[PDB]
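# got an experimental structure here, sequence first:
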Amino acid sequence: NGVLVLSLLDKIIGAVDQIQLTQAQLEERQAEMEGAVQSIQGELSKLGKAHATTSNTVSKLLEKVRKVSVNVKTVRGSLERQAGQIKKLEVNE
Amino acid sequence: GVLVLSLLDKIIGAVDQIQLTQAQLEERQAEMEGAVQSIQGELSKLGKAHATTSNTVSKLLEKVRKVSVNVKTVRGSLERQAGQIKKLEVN
Amino acid sequence: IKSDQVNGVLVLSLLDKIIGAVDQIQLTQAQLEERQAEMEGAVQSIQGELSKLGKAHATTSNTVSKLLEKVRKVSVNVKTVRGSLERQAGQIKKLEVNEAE
C-alpha cells in the first residue's frame, strides 16, 4: 500500500505542477489586460478633450455662418435698392 | 501511517477546490478579454469617426472664409457701382 | 527504495513542499479574484464613459451636417447675388455709353 501512497503522491504533485503553470498564465493574462484597460482610459481621456475642442470650434463656426447669411441679405437688399435706382434712370431717357 | 492519508485527503480536497476556482477564473478572464477587445474596437472606430468630423470642420472653416470674402468683394463692387450711378443722376 | 525510515523521509519532505506550494497558490488565487473584480468595475465605467462620448459625437457630427447644408445654401445665395451684380454692371455701363453724347 506504500506503493499506492507514493503512486498518489506524484499524481498530486503532477496536478499542482500544472495548476502552478496555469496560474502563472492567468497572472500574466490579467496583468496584460490591466495594461490594455489603462491605455484605453488614457486614449478615451484624450478623445474627450479632442471632441470638446471640436465642439467648441463648431459653435464658433455656427456663429460665423450666421453672420455671413446676414451679410448676404444686406448686400442683396442693398442690391435691388440699386436695381430700383437703375430702373428710375433708364425710365427718364 | 493513517495520519498521512487523512493529510492526503485534506490536500486533495484543497487541490480540487483550486481546480474549480481556477477554471472559473479563466472563464471570466476570457470574457473580460473579449469585452476589452470590443472596447478597443468601438473606441478606435470612434477615433476615426472624429478625425473625419474634424477634417470636415476644417474644410468648412475655409469655405466660410472664402464666401465671407466674396460677400465683401461684392459689397465693395456695389460701392463702386453706387458712386457710378450717382453721377448719372447729375443728368 | 526498500527501507521504511527512508521512505518516511521521502513522503515527509514531499508532503511538506506540496503544502507550501498549495498555500502559495491559494494566496495568489485570492489576489487574482480581487483584481478581476476591480476590473469588471473599471471596464463598465469605461463602457459608460465611452458610450456617453459616442452620443456626444453623434450630436456634433449632426450639427456639422446641418452647418454643411446651410453653407452652400449661402453660396447659392452668393453667386446669384454675384450673378445679378454684373448684370447690373453691364446695364449701368450701357447707361454710361448710351449716355456717351
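Perfect, I can see it now. Residues are numbered from 1 along each chain as shown, chains lettered A, B, ... in the order given.
# contacts and neighbour counts: CA atoms only from here.
Noted.
# list, one by one, the residues from chain A near chain B.
A:5, A:9, A:12, A:15-16, A:19, A:23, A:26, A:29-30, A:33, A:36-37, A:40, A:44, A:47, A:51, A:54, A:58, A:61, A:64-65, A:68, A:71-72, A:75, A:79, A:82, A:86, A:89 (CA under 8 Å from any CA of the partner chain).
# please, a PyMOL command that selects the buried ones among these?
In PyMOL, a selection of the buried entries from the residues of chain A next to chain B looks like this (16 or more other CA atoms under 10 Å in any protein chain shown):
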select buried, chain A and resi 9+12+15+16+19+23+26+29+30+33+37+40+44+47+51+54+58+61+65+68+71+72+75+79+82+86
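# which stretches of chain A form helices?
Using DSSP state H, the helices of chain A run over A:2-89.
# what parts of it come near chain C?
Going by CA under 8 Å from any CA, the residues of chain A near chain C are A:6, A:13, A:16, A:20, A:23, A:26-27, A:30, A:34, A:37, A:41, A:44, A:48, A:51, A:55, A:58, A:62, A:65, A:69, A:72, A:75-76, A:79, A:83, A:86, A:90.
# and residue A:90, what is it in contact with?
residue C:95 (CA atoms under 8 Å, 6 or more residues apart in numbering or on different chains).
# if we go to 7 Å?
Going by CA atoms under 7 Å, 6 or more residues apart in numbering or on different chains, residue A:90 touches no other residue.
# that one and chain B: what is the separation?
Distance from residue A:90 to chain B, counting by CA to the nearest CA, to the nearest Å: 10 Å.
# who touches stretch A:41-48?
By CA under 7 Å, 6+ apart, stretch A:41-48 touches B:47, C:46.
# ok now it, how far from the chain's centre?
Distance of stretch A:41-48 from the chain centroid (CA atoms, centre = their mean, to the nearest Å) equals 7 Å.
# how about the CA coordinates for that stretch, as CSV?
Extracted in CSV, the C-alpha atoms of stretch A:41-48 (Å, rounded to 0.1, in the frame of the first residue of the first chain):
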residue,chain,number,x,y,z
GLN,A,41,-8.6,55.1,-20.4
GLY,A,42,-5.8,57.3,-21.4
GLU,A,43,-6.9,57.4,-25.0
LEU,A,44,-10.5,57.8,-24.1
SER,A,45,-9.5,60.7,-21.9
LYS,A,46,-7.7,62.3,-24.9
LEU,A,47,-10.5,61.8,-27.4
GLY,A,48,-12.8,63.5,-24.9
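# list the buried residues of it.
Neighbour counts over stretch A:41-48 (16+ other CA under 10 Å) mark A:41, A:43-44, A:47-48 as buried.
# would you reformat these as CSV and include distance to residue A:1?
Below are the buried residues of stretch A:41-48 laid out as CSV (distance: CA to CA, whole Å):
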residue, distance to residue A:1
A:41, 59
A:43, 63
A:44, 63
A:47, 68
A:48, 69
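# so residue A:55 versus residue B:68, what's the distance?
22 Å (CA to CA, to the nearest Å).
# what's the burial count for residue A:92?
Close neighbours of residue A:92, defined as other CA atoms under 10 Å in any protein chain shown, add up to 7.
# let me fix that, I meant to ask about residue A:69.
21.
# residue contacts, it?
Shown in contact with residue A:69 (CA under 7 Å, 6+ apart): residue C:74.
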